[PDB]
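**Student:** first piece of the complex, coordinates kept as in the full assembly:
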Amino acid sequence: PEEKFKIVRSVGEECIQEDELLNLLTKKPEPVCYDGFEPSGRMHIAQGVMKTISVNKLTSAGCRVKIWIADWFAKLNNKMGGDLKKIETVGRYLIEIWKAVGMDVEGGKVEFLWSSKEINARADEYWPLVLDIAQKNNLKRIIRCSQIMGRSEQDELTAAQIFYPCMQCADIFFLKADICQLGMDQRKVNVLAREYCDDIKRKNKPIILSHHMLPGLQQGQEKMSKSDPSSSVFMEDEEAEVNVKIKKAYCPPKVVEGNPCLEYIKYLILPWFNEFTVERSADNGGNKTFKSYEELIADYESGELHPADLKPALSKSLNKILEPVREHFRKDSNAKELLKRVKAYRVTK
Amino acid sequence: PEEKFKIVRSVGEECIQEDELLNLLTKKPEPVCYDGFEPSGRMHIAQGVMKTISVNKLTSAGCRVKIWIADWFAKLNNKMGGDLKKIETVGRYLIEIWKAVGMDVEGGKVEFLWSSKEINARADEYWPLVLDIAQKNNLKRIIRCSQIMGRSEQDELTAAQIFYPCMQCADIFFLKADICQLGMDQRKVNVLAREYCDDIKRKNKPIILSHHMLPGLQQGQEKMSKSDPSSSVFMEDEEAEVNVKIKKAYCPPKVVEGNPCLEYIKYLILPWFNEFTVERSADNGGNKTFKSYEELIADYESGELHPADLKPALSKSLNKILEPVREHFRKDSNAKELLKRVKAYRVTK
């Protein structure tokens, strides 16, 4: 009752409505979960390692998580020329990555579902939902809810930013999901869904577990990029490529904010191995094993921890995490073909 | 080659692209046709008698016409509370009316198809169409194409005016129709479909046969109303009710424009009986049989034809046209039940 509650609360960052959370846990121990993402070319580390940690923690807590491959949404967002073959190949490649990274597939906990085959076979349970959603909306209300696709309002506004919010709001009920979690880039759609469900009056609102966006390799981009390699670390680069991509990141000396490495270690390395060993030499003071995150920041902001000892350890940890994925992609032929087919096309941004 | 061309051209009013028309007639003698309407409560005379004349002329010319019962569109437009039972009952009632008015059903020319059962069974051939349509659109471009539902733009704009145009544009290919015809209240959707098909580049554009909207019983409403009885004549009123509804219409003495009776006789009575007998007395000059429409206007705008001789003849013609429908609804039990169930609920406007 309390341990599962704390484990579920540890998944998200800006949690809210704890009473609703405990009520849904007491009335439904095994809920349904999913995630909404936009497949486009390759996957960065935030959509890979952090999502794997999140789904593993939800499985350990007793929550069923489903995979939502968004191909129709990707075609609506105009990516890779709107072709279906390229987008479905990217989706299969992302599924292969999530399967090779370490997913509990044999236990029947994870379920992969494509949007096309799910909406095509259940259009009778999907058209009334989007219809009733579009009925209780307004022009400016939907224009405000156009943050998942990209820019706000003062830009080249297209009609795709009108079809996307209604479908994204209907997906929370079309997939019979009890609770769902994404990030902070969907707050307008969240409040629109809240207003619509209050206007129609149903059961109990799910719990939102928004994840903070990870900044790029330089002081400017606050999100992750799946097109430009000099913005985020992918899930298939070699050791040398990962080292080159990690040694060019913005790392201010002895500064907390503005450095993405702290958030990377907090939401990528710490929940995985449940520890953090700083690989140093015999003259620096030896190896330090950090079990949490407060002591690491306290030692880094005191004058005894330099990036010259944090970047090599982080790169070694990333290489050790990627080694199973590389081995699985090398020992298999279909995974190698998928990798060679996705590492050739263009990725729009 | 030429006679069929003239017959097809006589169906519509503001015809265009005669070369495309003759090319499609020479390359496809038997095309597929349909009509898009919004069932809501009861049907007026324009959607009944004129549509029956149009489909009969298309059948005589050698064109297959299909019936498109729009129930999902009616639920999207928010009519009769959005209920499905009432809308499907109204659709069955309209089908019964079109069958009792005199439709070539035994010849296999007319085909009734509901939108729900057609899109539900063929969603795999319908989702890609609307997807590719919504991809090549813009916000303001779809906002402009919101004239079928009702008001223009400066009003309470909802998201239904965004889902309606894309579906209406996709219906021209989802129903494998070679040519289609509606009216002038769909020009924005027509030009949007033209732009989309020019962007994707397919075969040859169909021929548009827009029909002029019939004004109401008073100088103001230019369209037909299916809610207020004092605006149009239905297809089930008794002789006394039809006479009361026709004797209260706006009829300016010796004025061509602004009088709906001229257009009613032109597009309802003239193509039916192929004549028009003016029932008069022995002191007025006798009965006059008009075979066309120019001589009728010339005699009315000269001082020898008064509405006191045109309104009774028009009412008698309408009663003679409605007598088979009344007889079919009286001799049958299912038709009577449908009539009693549709003449009790409310009709929104």
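**Tutor:** Ah, there it is. Residues are numbered from 1 along each chain as shown, chains lettered A, B, ... in the order given.

**Student:** where's whichever residue of the stretch 51-200 of chain A sits closest to chain B, which helix or strand?
**Tutor:** As assessed by Cβ to the nearest Cβ, chain B sits closest to residue A:134 within the stretch 51-200 of chain A, at 3.6 Å. C-beta here means a position set from N, CA and C on the backbone, and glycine is covered the same way. Per DSSP states H and E: residue A:134 is located in helix A:127-135.

**Student:** how much space separates the residue lying closest to the residue of the stretch 51-200 of chain A closest to chain B once chain neighbours are set aside from residue B:165?
**Tutor:** Once flanking residues are discounted, residue A:134 sits nearest to residue B:159: 3.6 Å by Cβ to Cβ, 6 or more residues apart in numbering or on different chains. Computed as Cβ to Cβ, to the nearest Å, the residue B:159 to residue B:165 distance reads 12 Å.

**Student:** more neighbours: which of these two?
**Tutor:** Higher neighbour count among residue B:159 and residue B:165: residue B:165, with 27 against 23, using other Cβ atoms under 10 Å in any protein chain shown.

**Student:** now do the phi/psi pair for the residue lying closest to that one once chain neighbours are set aside.
**Tutor:** Distance criterion Cβ to Cβ, 6+ apart; nearest residue to residue B:165, sequence neighbours excluded, is residue B:145 at 4.1 Å. Note on residue B:145: its backbone torsions stand at phi -80, psi 40 [degrees, to the nearest 10].

**Student:** give me the buried stretch members for stretch A:200-210, please.
**Tutor:** By neighbour count on 16 or more other Cβ atoms under 10 Å in any protein chain shown, the buried set for stretch A:200-210 is A:206-210.

**Student:** how about the spatially closest residue to residue A:183 that is not a sequence neighbour, what does it touch?
**Tutor:** Leaving out its chain neighbours, the residue that sits closest to residue A:183 by Cβ to Cβ, 6+ apart is residue A:211, at 4.6 Å. Contact analysis of residue A:211 by Cβ atoms under 8 Å, 6 or more residues apart in numbering or on different chains lists A:12-13, A:50, A:54, A:181-184, A:267.

**Student:** drop RNA strand C onto that structure:
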RNA sequence: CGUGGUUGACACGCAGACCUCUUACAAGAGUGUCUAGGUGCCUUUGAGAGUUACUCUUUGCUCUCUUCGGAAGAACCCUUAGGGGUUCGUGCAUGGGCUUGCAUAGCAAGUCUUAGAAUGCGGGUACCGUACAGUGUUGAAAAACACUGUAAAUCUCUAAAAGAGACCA
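**Tutor:** Let me put RNA strand C in with the others:
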């Protein structure tokens, strides 16, 4: 609207409504049928929590005294008769002195008279006569007396709205 009918129904001079007929919309005709409403009080009003995916605000439903007393009048249970417990109606602008945009008096804004209830209506309250459905009496048909309900049935019967903090083609 007054008359004969002691009163009400019943006809006449006039208006409106239901229905029908004639008529070019307009309009005319047919009583075939019907027709004041008041007695009566309140209502501009903290905040939080909850009502199938953030924060805040104006707003739809329940719990925390529901801020002049909050349920105002009715309803339910106990009453030597004063009372003891619960449910139902959550409002918009102006104003009188406060200052300015106006050098001092149209129009608006920061605050006070919880509500000037002062100016208007949105909504409920025991009751009466008209018309209707049921009972007993007076009753030639018709109609009247007292009892239950209607004139706004009314409450989203749960089909209910909006704006600022936002990473695409």
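
**Student:** so, the contacts of residue A:211 revisited with RNA strand C in the model?
**Tutor:** A:12-13, A:50, A:54, A:181-184, A:267.

**Student:** need the residue closest to the centroid of chain A.
**Tutor:** Nearest residue to the geometric centre of chain A (Cα atoms, centre = their mean): residue A:47, 3.6 Å.

**Student:** close to chain B: what parts of the stretch 51-200 of chain A are there?
**Tutor:** A:72, A:75-76, A:78, A:82, A:116, A:119-121, A:123-124, A:127-128, A:130-135, A:137-139, A:142-143, A:157-163, A:166 (Cβ under 8 Å from any Cβ of the partner chain).

**Student:** can you select the buried ones among those residues for me in ChimeraX?
**Tutor:** For the buried members of these, the matching ChimeraX selection, counting by 16+ other Cβ under 10 Å, is:
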select /A:72,75,76,82,116,119,120,123,127,128,130,131,132,133,134,135,137,139,142,143,157,158,159,160,161,162,163,166
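
**Student:** quick revisit: disregarding residues adjacent in the polypeptide, which is nearest to the residue nearest to the centre of chain A?
**Tutor:** Residue A:47's closest residue in space is residue A:37 (Cβ to Cβ, 6+ apart), at 6.0 Å.

**Student:** hmm, residue A:67 and that neighbour touching each other?
**Tutor:** No. In this structure residue A:37 lies outside contact range of residue A:67 using Cβ atoms under 8 Å: 9.4 Å.

**Student:** same drill for the two, tell me which one is more crowded.
**Tutor:** Set residue A:37 next to residue A:67 and count neighbours by other Cβ under 10 Å: residue A:67 wins out with 20 against 17.

**Student:** which residues does the more buried one contact?
**Tutor:** A:34-35, A:95, A:98, A:110-113 are the contacts of residue A:67 under Cβ under 8 Å, 6+ apart.

**Student:** same question for residue A:88.
**Tutor:** Contacts of residue A:88 (Cβ under 8 Å, 6+ apart): A:71, A:114.
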